[PDB]
C-alpha cells in the first residue's frame, strides 16, 4: 500500500514532462539535451612516485533544442538571424521538470548567457510521414541545478 | 542434490546485487563501470635477438556511476559544483557484491581518492518513457580487490 | 483399512478483496512467479545454472458492468504523472459454505495499467463485461 | 502518559549545571524505557542571556534522522545544525559514569567533526529497550499495525476476517523488513504473526467480539564500542 | 579498555595473535590430549571451531611450552576446520559416538590401541601417526613398532617453528590441516603430497633420497622434506599396507568418503517396503551420486560405464531369507586414478 | 448463521524475537538428540524418519 504522496517523495522522476523558458518567455519544446558539466584534468608526475591529479578549467556548455514547425512561427530563426558581427542578444534558459498539470516544479536546470550558433531546418521528403522539425544549438557559460 | 551452501561456496556470483559506499555514506546506484587496471609495456631490442618486455607505468582509474533522479536530491551535482581551481574533496569509493538481503559481503572493490570530472544531466524527451538518469565520471588513484 | 481420498478444490469457490473492500469478480488470472535463469559455462565441461532475477507480476481481473458502478475506472483515472494509489489484492479459496478460507493468494502493491471496456455488439445476447490489468510487486501463497 | 501501549516518547533535559564526578546527576529521573535525557544545554550566536534546551534541537534531529535513515537508525553521530554549541565540554571519563543505568546522552564537540550527538540510550538499562531506536521502532510498528487492522470492525468475528487481517499485517511487516528495519536473511527469521481460535482467541473472547493478534519482531542493535588493538610485529 | 563504559573508539597497545577461519566437511579430525590437561578434564569431548574459540575456552595466553596449543596452532595455520578434543584413554569409547569424525590425529600421544580397535574396515576412519622422535636408522627398522593397517599413515619428522621454544610440533597436527586444505581445493581423490607447509614450519631432521628409499616400501613412512626451489614439502602419500589396493592414501580416503556418502544416500529407504520400487529408488540415488563423483573427476574412465557399476535386487544381492528379515544389500564397484610417483629422465647426446 | 458476533474490540501485542532460523534450531535439536541417544549408526538409522519441529512459546 503506497500513497501518491509517498511516490512524490521517494520515487524517481520521469523525463517526459518538462517546461522550457527562454529569456522572459516560455516556449514548448520536443527535445532538450546537452546539459553537461566537464572539467579538464591536470597531472604532474614526480621522480619518486608522486602522481598529482587535480581538476582543470571548466568547459563551456553546448545544448541543442528540438521543436516542431508551426504556422507563422519564426522566432528561433529570427534570434539566429539577428547576429551582427560579434553582437547578439544572449538569453538565460531554464528547464524545469513539472507535475502532470504543470502547476508545480520538481527540479530546475538553469543555463546562463546562451546564444545560437547553428540552426537546422527540416528536410523535405516526399515519402516521409513526420512533422517538420527545426533544431537550434546554443553555447552558454555555466549550468546549475536547483532542487525545489 | 546441491545444497545452498554448495552454491554459496562454488557457484559464480551474479552481477546485479551490489552496494556502493561514497565517502562515509552509502548511495544506491544503477550502474558502475570502468574499474580497470592498465599497465604500459616497455620494450628493448638487441642486435643479436634479445627482446625484453617488462611492465611500464601504471595508469589512472576512470569510473562512471549511473543513478536515477530523485526529488530533492542534488548531492552528486553539489559535489562536482564545489570545485574551486584545483581544490576538491576526494573520497574513497567501495563497491561490494552482497547477498539478497544485503546482510553479507562477498567481494569488495576499493577505489582510492576519487574526484569528479564530468557530470551528465538527463536528456529531456517529450516522447520517451524512461526514468531521468544522471551520470558522473570520476578519476582516482588505484583500485584493489579484497575477498571476504 | 479405511483408505482416505481427497479431491482438489473447485476453481469457482474464490473470494477477491481489493484494498480493504471485497469486490465480486468473475475471473482472475496471471498470478505467476517467474525467475530468470543465469548460465555459466567452463571450458572443461562445467555448466552452472542458477535462478536469476524475479519478474514483476501481471494480473487481469474480469467482471461485468452494473448500474452506478465505476470504481475500477475511477481507480485507473486517478493517475497523475507517476502518482497512483497502490493497493493490496487478496484472492482466497473458500469451502463450499463460504464460511472458511482454505488457501490465500497475497498480492502486494498493485496499480492499474490498462482498462478494457465492453465490446458493444448489437447482434449479441451476452452480458457486458469490463476488464482491468494490474502490475504488482510480489505474490505469496499462504495455506490457512 | 509515557506508558506501555500508548506509543509516546519523551525527550528530557539534563542538569543546567556541570555534571558531578560521582555520577549522581541523573538521580532525579524516574527509570522509564519511553524517555531519554540529553545534556548539556546549548548556546548560539543569537542567544543573549538564556540557553536553548537540548530537547528542542533533539526533536528536530529525530525528525531529520527518521526522514533520512529511518526510525530504526540510531539518532546519534549526527551534527547539530545552526551552529549550536554545547555549554559545557564533556570528556570521555565524564561520559563513562553516565552511560549506564539511568543514562544521559551527551552533546559533544569533536575537532574533526564539530558538534555531534553522542548517545542513543533510554533510561532503562535492560537487554530490551536499552536503545532509543528499538523502542521507537516498536512504537511505530504498534501504531502502524493498529491502524492497518482498523478496517475489520463491524465485520464477522470469524476465520475470513482473521485471514484478511493477517494478510494486511504480513504485508506491512514484509515491507518493513525489505526496507531494512528488521534483521534476518529471510522474512521467516524477521517476524511471525499469529491469529485465530485456540492460538490467540478463545470462545469467550469471540463471544465478546474481541480480536487478538500476536506479533514478534527482530531488531538490529547499533555498535557502541570500537576497540583498536595495535601491534608492532607485523 | 577491555571494560567498555563510554561510546567511542578504544585504543590498546597489546594484541594477541589471530588466525583466519577455514571450513571443511570431508575431514573432521579428533585430537588426542593428555590426561593432565585441565581444559579437557571433566568432559567427554569438546568441539573447537576456530583458533579464537580455543583461546577463549583456555582463558590464558598462548604457551609455546605446551603441546596441545602449538599443535592446534599448526593445524589451524595450515587450513584446518573445526575439530574435537578427546582424552586418549577415552578414545575407544567416545570416537564412535561422533558421526562427522573422519580422522584420528595423535597430537603427540600414543594411540596404537585406539587405532587398532577403531580403524577397521567399514567404519570410515583414518589415522595419522607420528614417526620416531630421533633420526631414522639406516637399515630401515624405524617402522617396526607400527601395526600394518591400510587405514593409517605415518609422517616423519617432527616440526619446529620460530615460536617454538623447547618442544617440537608433532607432524600429524600440520598434516591434518594439509589434508583439509587439499580436500577443499583439489578433492579427496588428490594426493596430499607435493604441497607446502604453511606457517614456516621446518623439519627437525633432513632426509635424503637414499634415506627415504629404505622407508618407501612395506610399512612406509611419509617424509617432510625441504627443497631449495620449493621449500618445505610433503613427500609421501602411502599408507601402511603395501598392497595393490589401498597402497595410496587418496584411494583409501576416497573409498571411505564414497562409502559414507552412499550410506547416507539410501538412509531414506528405512521403514519402506522391501520390494522392487524401493530398490529402484535406491539405485537411482546411488547412480546419481556416482555420476556426480565421476563428472567431478574422482573416478577414471572415458564414460560412466567404465567408472562404476551398481547391483541391487533379488537373486543378485538379496535372497528370500534376506528379504524376509528386512535387509537391503547393494554392491558398488569403482575405479580410482593412481598418482605418478617416479619420473625417470633419460638424457642422450646423439640428438 | 444466527450468532455471528461483530468485531468491536481490537487488541494487538508486539514482542521481541531472536534473530534465529527455525530450521537451524530443528537441526541442532535433532543432532543433540542423536548424540544423547548414542550416536551409533543404528541411532542415525532410527532417526531417519523422525520429524522434530519447534514453535515459539508465547509465555
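Neighbour counts run over all protein chains shown; Cβ positions are idealised from the backbone, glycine included. Where a number appears in this text, it was derived from the coordinates with a stated rule and is not lab data.
Considering only residues that are within 14 Å of chain B (Cβ to nearest Cβ) and over 15 Å from residue F:12 (Cα atoms), look in the range D:184-206 and name the one that is surrounded by the fewest Cβ atoms within 10 Å (Cβ to Cβ). Before the answer, list the steps.
Step one: list which residues in the range D:184-206 are within 14 Å of chain B (Cβ to nearest Cβ), which gives D:184-191.
Right, trim to over 15 Å from residue F:12 (Cα atoms) and you get D:184-190.
On the way: D:184: 20, D:185: 15, D:186: 10, D:187: 17, D:188: 12, D:189: 21, D:190: 23.
Going through the qualifying residues, I end up with D:186.
Within the range E:295-302, can one find any residue that is in a helix (DSSP H, G or I), under 30 Å from residue E:175 (Cα atoms) and away from chain F (no Cβ under 14 Å)? Before the answer, list the steps.
Here is the first cut: in the range E:295-302, the residues in a helix (DSSP H, G or I) are E:295.
From the residues that got through so far, the ones that are under 30 Å from residue E:175 (Cα atoms) too are E:295.
Narrowing further to those that are away from chain F (no Cβ under 14 Å): E:295.
Scanning the range E:295-302 turns up at least one residue that is in a helix (DSSP H, G or I), under 30 Å from residue E:175 (Cα atoms) and away from chain F (no Cβ under 14 Å).
Report those strands (runs of 3 or more DSSP E) wholly inside the range E:1-119 carrying at least 1 residues which are in contact with a strand residue (DSSP E or B) (Cβ under 8 Å, 6 or more places away or on another chain) and more than 14 Å from chain D (Cβ to nearest Cβ).
Numbers: elements: E:8-12, E:29-33, E:46-48, E:83-87, E:103-105.
Passing ranges, in order: E:29-33, E:46-48, E:83-87, E:103-105.
Residue check, residue D:147 against (1) surrounded by fewer than 18 Cβ atoms within 10 Å (Cβ to Cβ); (2) facing another protein chain (nearest Cβ under 9 Å); (3) farther than 22 Å from residue C:105 by Cα, all met but one. Which one?
(2)
Go through the range B:35-58 and report how many residues are under 30 Å from residue A:143 (Cβ atoms) and surrounded by 11 or more Cβ atoms within 10 Å (Cβ to Cβ). Can you show your working first?
So the first thing to find is which residues in the range B:35-58 are under 30 Å from residue A:143 (Cβ atoms), and the list is B:35-36.
Of the ones still in play, those that are also surrounded by 11 or more Cβ atoms within 10 Å (Cβ to Cβ) are B:35.
Residues in the range B:35-58 being under 30 Å from residue A:143 (Cβ atoms) and surrounded by 11 or more Cβ atoms within 10 Å (Cβ to Cβ): 1 in total.
Have a look at E:262, E:224 and point out the one that is outside any helix (DSSP H, G or I), surrounded by 14 or more Cβ atoms within 10 Å (Cβ to Cβ) and either free of Cβ contacts under 8 Å to residues at least 12 places away in the same chain or on the phi < 0 side of the Ramachandran plot (or both).
Values: E:262 fails: outside any helix (DSSP H, G or I).
Only one candidate passes the filter, namely E:224.
Looking only at the range B:17-34, filter to residues that are assigned to a strand (DSSP E or B) and in contact (Cβ under 8 Å) with a residue 24 or more places away in the chain; which one of those is surrounded by the most Cβ atoms within 10 Å (Cβ to Cβ)? Show your work before the answer.
Looking only at the range B:17-34, we keep the residues that are assigned to a strand (DSSP E or B), and these are B:18-22, B:25-26, B:31-33.
Checking which are in contact (Cβ under 8 Å) with a residue 24 or more places away in the chain leaves us with B:18-22, B:31-33.
Details: B:18: 18, B:19: 16, B:20: 16, B:21: 17, B:22: 21, B:31: 10, B:32: 18, B:33: 10.
Only one residue tops the list, namely B:22.
Kindly indicate whether any position in the range F:11-25 is surrounded by 13 or more Cβ atoms within 10 Å (Cβ to Cβ) and more than 7 Å from chain D (Cβ to nearest Cβ).
yes
Is the range A:3-16 home to any residue that is over 30 Å from residue D:178 (Cα atoms) and either part of a helix (DSSP H, G or I) or more than 10 Å from chain B (Cβ to nearest Cβ) (or both)?
no
Tell me, yes or no, whether the range E:249-262 has at least one residue that is within 17 Å of residue E:322 (Cβ to Cβ) and either within 13 Å of chain F (Cβ to nearest Cβ) or out of contact with any helix residue (DSSP H, G or I) (no Cβ under 7 Å at 6 or more places or on another chain) (or both). I'd like the intermediate steps shown before the answer.
Applying the first criterion (within 17 Å of residue E:322 (Cβ to Cβ)) to the range E:249-262 yields none.
No, because not a single residue in the range E:249-262 is within 17 Å of residue E:322 (Cβ to Cβ) and either within 13 Å of chain F (Cβ to nearest Cβ) or out of contact with any helix residue (DSSP H, G or I) (no Cβ under 7 Å at 6 or more places or on another chain) (or both).
Would you mind stating whether residue F:56 is surrounded by fewer than 13 Cβ atoms within 10 Å (Cβ to Cβ) and touching a strand residue (DSSP E or B) at 6+ places or on another chain (Cβ under 8 Å)? Lay out the reasoning, then the answer.
Values: surrounded by fewer than 13 Cβ atoms within 10 Å (Cβ to Cβ): no; touching a strand residue (DSSP E or B) at 6+ places or on another chain (Cβ under 8 Å): yes.
No; evaluated as a whole, the condition is false for this residue.
Could you say whether any residue in the range C:98-107 is out of contact with any strand residue (DSSP E or B) (no Cβ under 7 Å at 6 or more places or on another chain), within 14 Å of chain A (Cβ to nearest Cβ) and either surrounded by 14 or more Cβ atoms within 10 Å (Cβ to Cβ) or in contact (Cβ under 8 Å) with a residue 40 or more places away in the chain (or both)?
Keep residues of the range C:98-107 that are out of contact with any strand residue (DSSP E or B) (no Cβ under 7 Å at 6 or more places or on another chain), which gives C:98-99.
Pick out the ones that are also within 14 Å of chain A (Cβ to nearest Cβ) and you get none.
No, there is no match, as no residue in the range C:98-107 is out of contact with any strand residue (DSSP E or B) (no Cβ under 7 Å at 6 or more places or on another chain), within 14 Å of chain A (Cβ to nearest Cβ) and either surrounded by 14 or more Cβ atoms within 10 Å (Cβ to Cβ) or in contact (Cβ under 8 Å) with a residue 40 or more places away in the chain (or both).
Residues that are in contact with a strand residue (DSSP E or B) (Cβ under 6 Å, 6 or more places away or on another chain) and either touching a residue at least 60 places away in the same chain (Cβ under 8 Å) or farther than 18 Å from residue C:17 by Cβ (or both): which helices (runs of 4 or more DSSP H) entirely in the range D:142-214 hold 1 or more of them? Walk me through it before giving the result.
Details: elements: D:159-178, D:187-190, D:203-207.
Filter on the range D:142-214 gives D:159-178, D:187-190.
Condition check ((1) touching a strand residue (DSSP E or B) at 6+ places or on another chain (Cβ under 8 Å); (2) on the phi > 0 side of the Ramachandran plot; (3) assigned to a loop (DSSP other than H, G, I, E, B); (4) without any contact (Cβ under 8 Å) to a residue 40 or more places away in the chain) across all residues:
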| site | (1), (2), (3), (4) |
| --- | --- |
| C:39 | yes, no, no, yes |
| C:49 | yes, no, no, yes |
| C:52 | yes, no, no, yes |
| C:59 | yes, no, no, no |
| C:67 | no, no, yes, yes |
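Looking only at the range A:119-132, which residues are in contact (Cβ under 8 Å) with a residue 12 or more places away in the chain and either under 30 Å from residue A:5 (Cβ atoms) or exposed (fewer than 12 other Cβ atoms within 10 Å of the Cβ) (or both)? Show your work before the answer.
Restricting attention to the range A:119-132, the residues satisfying the condition of being in contact (Cβ under 8 Å) with a residue 12 or more places away in the chain are A:119-122, A:131-132.
A:121, A:131 - these are the residues of the range A:119-132 that are in contact (Cβ under 8 Å) with a residue 12 or more places away in the chain and either under 30 Å from residue A:5 (Cβ atoms) or exposed (fewer than 12 other Cβ atoms within 10 Å of the Cβ) (or both).
Here is a yes/no grid of residues against (1) facing chain B (nearest Cβ under 10 Å); (2) within 16 Å of the chain's Cα centre (by Cα):
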| position | (1), (2) |
| --- | --- |
| A:59 | yes, yes |
| A:81 | no, no |
| A:84 | no, no |
| A:91 | no, yes |
| A:94 | no, yes |
| A:129 | no, no |
| A:141 | no, yes |
| A:148 | yes, no |
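Six or more apart or on different chains, Cβ under 8 Å: which pairs go from a residue in the range E:9-33 that's exposed (fewer than 12 other Cβ atoms within 10 Å of the Cβ) to one that's in a loop (DSSP other than H, G, I, E, B)? Could you list them?
That search, which allows pairs on different chains as well, returns E:11/D:230; E:11/E:1; E:13/D:230; E:14/D:231; E:16/E:61; E:16/E:62.
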